[PDB]
Structures are given as C-alpha cells and as structure tokens.
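J.: below you'll find the sequence and an experimental structure to go with it.
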Amino acid sequence: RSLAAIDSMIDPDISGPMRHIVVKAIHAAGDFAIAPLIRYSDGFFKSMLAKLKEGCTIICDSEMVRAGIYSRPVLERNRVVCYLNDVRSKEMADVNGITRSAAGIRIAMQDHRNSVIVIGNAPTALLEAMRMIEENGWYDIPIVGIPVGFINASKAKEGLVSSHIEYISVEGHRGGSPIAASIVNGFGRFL
Amino acid sequence: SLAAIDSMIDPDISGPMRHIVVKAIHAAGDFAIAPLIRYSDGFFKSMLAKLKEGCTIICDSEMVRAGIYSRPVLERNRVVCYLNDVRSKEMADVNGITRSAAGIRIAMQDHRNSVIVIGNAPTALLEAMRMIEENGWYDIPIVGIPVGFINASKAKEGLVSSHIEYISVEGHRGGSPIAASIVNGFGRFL
Amino acid sequence: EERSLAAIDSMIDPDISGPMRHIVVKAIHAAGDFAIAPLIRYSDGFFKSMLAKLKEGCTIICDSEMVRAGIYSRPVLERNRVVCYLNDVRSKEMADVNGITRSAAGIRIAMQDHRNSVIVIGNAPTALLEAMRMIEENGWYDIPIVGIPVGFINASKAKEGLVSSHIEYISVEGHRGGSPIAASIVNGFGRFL
Amino acid sequence: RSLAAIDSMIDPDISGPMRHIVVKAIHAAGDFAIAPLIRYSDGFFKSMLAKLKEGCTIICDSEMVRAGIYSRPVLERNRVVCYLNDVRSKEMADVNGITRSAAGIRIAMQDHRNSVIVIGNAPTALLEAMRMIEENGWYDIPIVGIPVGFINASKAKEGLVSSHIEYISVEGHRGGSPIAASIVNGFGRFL
C-alpha cells in the first residue's frame, strides 16, 4: 500500500525505530517531501525512549498537540499536559511580555521537571523550551520541535539544530500538531 | 506574511469565503494548498445556516475538536467526537470498518442536525458521505480535509464530485489545523 | 527505473488504467515528487487524440527550448518534428503590436505555420492561454494540449480554464509544472508507437 | 506581486545579489517550499560571478539544462556544453563502470579544466563532479548541484553541502533543470 511504499523511499541510513517514527511523521503530514527534511540529534531516540519508558510528563504547546497523543502504550505511564489556559500562564504572559504559549511552557516545566517537550505550533514556545533547558542545564529533556510559521518558524528551528539539546525537527516551513503528535505516538511501539 | 497569502489567492475568490481561504492557508503554513482549495457554490450558505441556527459539529478526531475554539461558534454549537466512545470500538469490530468511520456513524445517528468536519481519516470522510447519500441528508455540509495518500486523494475526489455541499483540499495535503481553522473562520459571520 | 516505479505506482489511483498509467508514472518520475500524482488531470479523449497525432506524424509546438530539448523518444522524433518559435523575429514585432508576450506570439506564429499540431506548454501561462484561444476561435479541437505551465496565481488560473474547456489535454492542478514534466509526457507516447 | 510574495519567504539574512538569484530559482520552480531549503556556500556568489564574467565553460549534465541557459550576457562570454552524447562517454562509462551522465561530466571536465558545473538532473553526475574535484584538488570549480530524484538526489546534495566545494543546492528531493538553469541565468544581470 501507500505507507508500505514510503518505508522504502526513506534515507537508508535512518535505521530501525526512527524509520518507523519518520514514516508516522510522513503519514501525519501526507507529504513525502518532509522525509529527507527531518533532522534529529544522535541521542534523540534514546533520550526520548528513556523518558517515555520510565514515565514522565509530556508538555505540549497546544491543545491540538495534547489531544493528538493517544497511543495507549504512551498514555500508560505518561501524562500529557497543556498549560495554555493556566491562570499563572496568562498572568505571566501579560506581565513578562511573552506569548501565552511561551508562558504555558515555562509554567509547565516548573511544575513538572521530568518532562518531554512537544512543539507543534508556536515558534515562541519552542524558543522558550530551549531557553528553559539551557539556562537550567536540563539536557535530559528532549524536544519534538515542529512549530508552524515561515521565517519565524525556520529561525527558531535553526537554533534547535545547533544547541546541546536532544531533538527532532523538520527543515523548512512544514510543521504542525499532526506531525508533532504522530512522532510521540510512534514511540508507543517501543514501550 | 498575511499580505503574501492574500495575493496568492485568485482575485476572483471574493466574499466571506476569501476570509475562510486565508485562514486555511495560514493554518496550513503553506501557500501550495492555495490553488488546491475547493468548495461548492452552496457551501458558505449551507455552513452559516447550520452554525447560526446552532447544530452539532461532528469531528472525526479529538485534534479537530480541540482546534475549534471560536467563541461565536461554540456559543451556539456543540462540538463532538465519538472516536473514543465505547460504542465505536464495538461497531467498528462487528462491521469491520475503522474506528473513525464508526465514530462518524454513531455521531450522526445520535445527532441528525449536523456539520461534518474531517481532519484526519479518509474512511471517516467516506462514511460521512455514505450516511448522507444513503439517507438523503443533503442539508449537511462537509469540511472534508482528510490527510493521507491514495486513500485521502480518492475520498476527497469523490467529495468534490458528489452533490454534497463541501470544502476540501485536492491532493494528499489536509489535516486538523486546516479543518479546524475553516470552522473557526465562520465565527466572524455568526 | 527502480523500486521508485513501484513506489510511484502505489501513489497513482488505480482508476488510471490503460496506456495513460504509464504516461502518468513517467510524469511523476520526471517531477521527482509524489505530490503531483493526485494533481494530474487529463480529458478522456487525451490519449487517443495524442496517439493519433504522433502516430500519423505532426508538428509538436513547444513554448520553450527546454521542452524541445527534453523530447528524445526515437519513435516520436522519427515521425514528428518538434519546434519552438520563441525566437522567430516575427515574435517580438507581433508581441509589441498585439500587446502579448513573446511566448504567446511564438505559439500563434507556430500554429499558423503548422496547423496539424500538438501543443506542449512547460513554462509560460500566456503560451497556454494563446494556444487555447487559437483552438477555440478556429475550432481546431483535434489539437491536444499538454498544458504544464509553471507559476503561481497566473499558472493556476490558466490551467483551470484548460480543464474546463472542450480541448483534449493533460495538466497538473495548482502551482506545479515545468518542462521536465511536459517533455516526459510526450516521451511516454513513444512506447506506444 | 508574486515577487513580493516570494521575497517575503526569503530569510532576511540572504542579502546582496544572491537574494535576486534565490528569488529567480523559487519562481522557476513555482514552489515556495524550497525558499527555506536553498543552501549555498559563503564564496559561491563571488566564485560563480567571476567565472561567468571572465568567460569559462559551463558543463551541464543534461540537454534540458543546457537549453535552459539563455541569458545573453552569459552566452556572450561563456560556452555551455553537455557531453552526454559524446562518443568517449559510453566508452569511458564501460571501462570505468559509471553511468553516462557521470562519464559525460568526467570527459567534459578533462577537456575543460576552467569550468562551472551545473547539475539539473542526475545524482551520479553531481557525485562524479565532486569526485573529480576532490581527487584533483580543483576547488576553484563551483557547483550548481540541483539533481532530482527521491533517494539518491537528497543524499548526493547532502554531501555537497558538507564538502569544501563552493556550491548552491536545494535540500530534499526537489531539484531539476528549470531551477538549475534559472540560477545560472540569474547571474546575467551582474555581468
């Protein structure tokens, strides 16, 4: 079938598990184009797998991302959260002059230290996660950074692919909740 | 940005729909779907009637449901998703159809007066069309944006050729963000 | 040419049967992008109309040298002559007077010199527009059009008219197009000559 | 107006004449998706401009690429060639065990050392050009490496972006003669 074909048009170097994660991402996006455009750090799979295996809090930048993670094996030992509507989020958003998305990420990360960050929408939420991780030295936290937007989104993801943070992202303008959520769901098969 | 999007849209697309189209394009973060967006002449009217008078907005996935937040829309309409209803798994297994398709069928059986929003499953779009055509419920419009490949293309191709009021995106592209943005876009006209 | 062929075949709707499935597979392969598979469109009479023209020997009119250079099918060239009048020095003069682009002027002139033709557009929307105008005004509906212009708003609008006309054709909905695609479509018929 | 649209997709850091070139390439491809995917070395513009201005040999991998280069300023001082049909091509392809395109590139380069390489189709052509350069140390030769394909294309261009060769390319599967030719024509305005 379709998906059975994608699986052979993917970088032969992408080995095992990740190939599965890439296929899921391609399907969620309904666009093979992103196959050669997916980028990730050498330790992303391990970092991610560890967290999801042990059980952690999965911090999402939007409700659509949160709602998109349904893999039973994942939800078994992990909790998915979104702090967009948190009282403290809007308060800090207005005060500090940062987007509500970015503020949600900050409050969420302070509430749950053992986390995984999934960005499927706002570039500002990605930048905030990176900030938090770097300034706190929380490099155990991997990032699924798939924000949407054009130049703003690209600039944000360019920094990701340069930091000391474990991650997975997509080169270009493609991004979104379906892709972000599918990457997380893809891990269910290895839990 | 928003200046570039509106220029990518054929000047002939005028009226409220031009607003809907820019939201779809913006949510998709890709100018490529601009000339691929399609809708029936009666779609705007059919949709506004339902959303104005208040109906049930049936979604194939929770992502689509979570993406609809327009206050004017939510105040008059109820947004539901039966994907995870316990009755859906049972029906899907008994009939050998997908869970998404089962959820659409259960939802439409429970709520006759509806609007169908498909942001993910091609089989969900196919089931919505089957229900409408088998029952003659042409009062129901469909936002058919399933994502996928051959399966998705073909289902949306069927949609465009049907006598059902709809909006869709030709090809493989689609998704919850786009589907949800279109519904949100109507809030302005309610 | 690889597992690619198989991959491409899975991307093409089963509904596409007969010789056209081969031609479509070649178009997608030339575009090196599965995305256009669902975007390809063509009239029911396109294949028969094209094969007739190429089997009997005609003049393949192109809107650019790239398209012309891309057509190499021996079977095709053995019977048909490929041309391109973007440079005929009657083009610029005509472009100025009539207020059209040189690509369009090149088409009009080429068609006047050769009526028994096949039209291949891989670049200029105005070339596609001009070919359609020539056909609808003189009622030369025996001429098929491979209308694959490239561009954004202008290209899409031009191709939507094609898919809505009485003309036999093959096109790609949206922004995508190009000489590689247009030329591969013609090369595809070679296998049936 | 499509110009402004395009220009709005180009990352602001892309300044200078190269911005004009990037605009031309996107327009030729009728796809804004490649805007953030165009890559080029720091010395590419200067190198390309100097060669085309001085008058060199533009070695193309396909006839469609050669036919696509029509800029008068370029043609007035540069010879555009394609050795795909040269007799030595097949004879060398056989003994060396490489494709025809690759062979054409190799023969073309042996005939003309002062060149500019323009690849608009065959991945093996790009690979061969890079090989010739790295082996002989001809790093003065710039490459417009825009092969098309699914698997091999993306990978071949990947090595290009990471070599020491001055170049311009497009990440991913997107490529082709129209884009490669537009880039070359784009330089005419500066000669």
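T.: That came in fine, so what should we check first? Residues are numbered from 1 along each chain as shown, chains lettered A, B, ... in the order given.
J.: distance of the residue positioned nearest the centre of chain A from chain C?
T.: The residue lying closest to the centre of chain A (Cα atoms, centre = their mean) is residue A:144, at 2.0 Å. Taking Cβ to the nearest Cβ, to the nearest Å as the measure, residue A:144 falls 24 Å from chain C. Backbone N, C-alpha and C define where each C-beta goes, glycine included.
J.: list the helices and strands the strand or helix carrying that residue packs on?
T.: For residue A:144, the host element (DSSP states H and E) is strand A:143-145. For strand A:143-145, the elements it packs on are strand A:115-119, helix A:123-136, helix A:151-160, strand A:167-170, helix A:177-186, judged by 3 or more Cβ pairs under 8 Å, 6 or more residues apart in numbering or on different chains; DSSP states H and E.
J.: which neighbouring elements make contact with the fourth one?
T.: The helices and strands touching strand A:167-170, judged by 3+ Cβ pairs under 8 Å, 6+ apart, are strand A:38-40, helix A:44-54, strand A:143-145, helix A:151-160.
J.: so of those, which one's packed in deepest?
T.: Among the helices and strands packed on strand A:167-170, strand A:143-145 has the highest mean neighbour count (mean count of other Cβ atoms under 10 Å in any protein chain shown), at a mean of 27.
J.: dihedrals phi and psi, residue A:60?
T.: According to degrees, to the nearest 10, the main-chain angles of residue A:60 amount to phi -100, psi 150.
J.: right, and it touches residue A:81 too?
T.: Yes - if you go by Cβ atoms under 8 Å, residue A:60 and residue A:81 touch, sitting 6.8 Å apart.
J.: common neighbours of the two, please.
T.: The contact sets of residue A:60 and residue A:81 overlap at residue A:66 (Cβ atoms under 8 Å, 6 or more residues apart in numbering or on different chains).
J.: between these two, tell me which one has more neighbours.
T.: Of the pair residue A:60 and residue A:81, residue A:60 is the one with more neighbours under other Cβ atoms under 10 Å in any protein chain shown, namely 31 against 16.
J.: picking that back up, which residue sits closest to the residue nearest to the centre of chain A, ignoring its sequence neighbours?
T.: residue A:118 (4.5 Å; Cβ to Cβ, 6 or more residues apart in numbering or on different chains).
J.: got a list of what the one you found touches?
T.: Taking Cβ under 8 Å, 6+ apart as the test, what residue A:118 contacts is A:58, A:59, A:60, A:61, A:65, A:69, A:143, A:144, A:180, A:181, A:183, A:184.
J.: could you do residue A:168 as well?
T.: A:21, A:38-41, A:44, A:48, A:142-146, A:183.
J.: residues from chain A in reach of chain C?
T.: Residues of chain A that fall close to chain C, judged by Cβ under 8 Å from any Cβ of the partner chain: A:1, A:2, A:4, A:5, A:6, A:8, A:9, A:31, A:32, A:33.
J.: redo that, cut-off 10 Å
T.: By the rule Cβ under 10 Å from any Cβ of the partner chain, the part of chain A lying against chain C is A:1-9, A:30-33, A:35.
J.: any of those residues buried? List them.
T.: Neighbour counting with 16 or more other Cβ atoms under 10 Å in any protein chain shown marks A:2, A:5, A:6, A:9, A:30, A:31, A:32, A:33, A:35 as buried within those.
J.: these two touch, right, the last one and residue A:12?
T.: Okay, so that is residue A:35. No - the pair residue A:35 and residue A:12 fails to qualify as a contact (Cβ atoms under 10 Å) at a distance of 11.8 Å.
J.: do stretch A:44-64 and chain B meet?
T.: Yes - shown here: stretch A:44-64 in contact with chain B (Cβ under 10 Å from any Cβ) through A:62, A:63, A:64.
J.: pretty sure the last one is in a helix, no?
T.: Think residue A:64. Yes - assessed with DSSP: H, G, I helix; E, B strand; the rest coil, residue A:64 lies in a helix.
J.: now the end-to-end length of stretch A:142-149.
T.: Its start and end residues considered, stretch A:142-149 measures 22 Å (Cα to Cα, to the nearest Å).
J.: what kind of secondary structure is the residue of chain A found nearest chain C in?
T.: Residue of chain A nearest chain C, by Cβ to the nearest Cβ: residue A:5 (4.3 Å). When classified by three-state DSSP, residue A:5 comes out as helix.
J.: the buried ones among the residues of chain A next to chain C also near chain B: which ones?
T.: Restricting these to contacts with chain B (Cβ under 10 Å from any Cβ) yields A:2, A:5, A:6, A:30, A:31, A:32, A:33.
J.: which residue, other than its chain neighbours, is closest to the first one?
T.: In this structure, residue A:2 finds its nearest non-sequential neighbour in residue B:149, 3.9 Å apart by Cβ to Cβ, 6+ apart.
J.: who's in contact with the residue nearest to the centre of chain A?
T.: The contact partners of residue A:144, by Cβ atoms under 10 Å, 6 or more residues apart in numbering or on different chains, come to A:21, A:25, A:40, A:44, A:48, A:58, A:60, A:65, A:116-120, A:126, A:167-169, A:179-184.
J.: how does it look with 8 Å?
T.: A:48, A:116, A:117, A:118, A:119, A:120, A:167, A:168, A:169, A:180, A:183, A:184 are the contacts of residue A:144 under Cβ under 8 Å, 6+ apart.
J.: considering those, which possesses the most neighbours?
T.: residue A:119 (35 neighbours).
J.: report the beta-bridge partners for that one.
T.: Beta-bridge partners of residue A:119, counted by DSSP bridges, are residue A:145.
J.: next, residue A:59: secondary structure please.
T.: strand.
J.: okay, and residue A:12 sits in which element?
T.: Applying DSSP H and E, one finds residue A:12 in no helix or strand.
J.: before we move on, what about residue A:73?
T.: helix A:72-77.
J.: so what does that helix touch, helix or strand wise?
T.: Using 3+ Cβ pairs under 8 Å, 6+ apart: helix A:72-77 touches helix A:44-54.
J.: dump the helix it packs on to PDB, restricted to CA.
T.: What follows is helix A:44-54, C-alpha atoms only, in PDB (Å, rounded to 0.1, in the frame of the first residue of the first chain):
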ATOM      1  CA  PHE A  44      17.200  11.800  20.400                       C
ATOM      2  CA  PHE A  45      15.700   8.300  20.100                       C
ATOM      3  CA  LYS A  46      17.500   7.100  23.300                       C
ATOM      4  CA  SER A  47      16.700  10.200  25.300                       C
ATOM      5  CA  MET A  48      13.000  10.100  24.200                       C
ATOM      6  CA  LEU A  49      12.600   6.400  24.700                       C
ATOM      7  CA  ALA A  50      14.100   6.600  28.200                       C
ATOM      8  CA  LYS A  51      11.600   9.300  29.300                       C
ATOM      9  CA  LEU A  52       8.600   7.600  27.900                       C
ATOM     10  CA  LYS A  53       9.700   4.200  29.300                       C
ATOM     11  CA  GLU A  54      10.200   5.400  32.800                       C
END
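J.: quick check: angle from that helix to strand A:115-119?
T.: Computed by axes from the mean of the first three to the mean of the last three Cα atoms, to 10 degrees, the angle separating helix A:44-54 from strand A:115-119 equals 120 degrees.
J.: distance from the chain centre to helix A:44-54, please.
T.: How far helix A:44-54 lies from its chain's middle: 13 Å, per Cα atoms, centre = their mean, to the nearest Å.
J.: now swap in stretch A:27-39 and tell me
T.: 15 Å.
J.: kindly report the same for stretch A:77-89.
T.: Using Cα atoms, centre = their mean, the offset of stretch A:77-89 from its chain centre is 15 Å.
J.: list the buried residues in it.
T.: Residues of stretch A:77-89 classed as buried by neighbour count (16+ other Cβ under 10 Å): A:78, A:80, A:81, A:82, A:83, A:84, A:86, A:89.
J.: quick one: whichever strand or helix holds residue A:89 to chain centroid distance?
T.: If you go by DSSP H and E, residue A:89 is part of helix A:87-96. In this view, helix A:87-96 has its centroid 23 Å away from the chain centroid, taken as Cα atoms, centre = their mean.
J.: does the residue in chain A that chain D sits nearest to belong to a helix, a strand or coil?
T.: Nearest residue of chain A to chain D, counting by Cβ to the nearest Cβ: residue A:36, 3.7 Å away. Per three-state DSSP, the local secondary structure of residue A:36 is coil.
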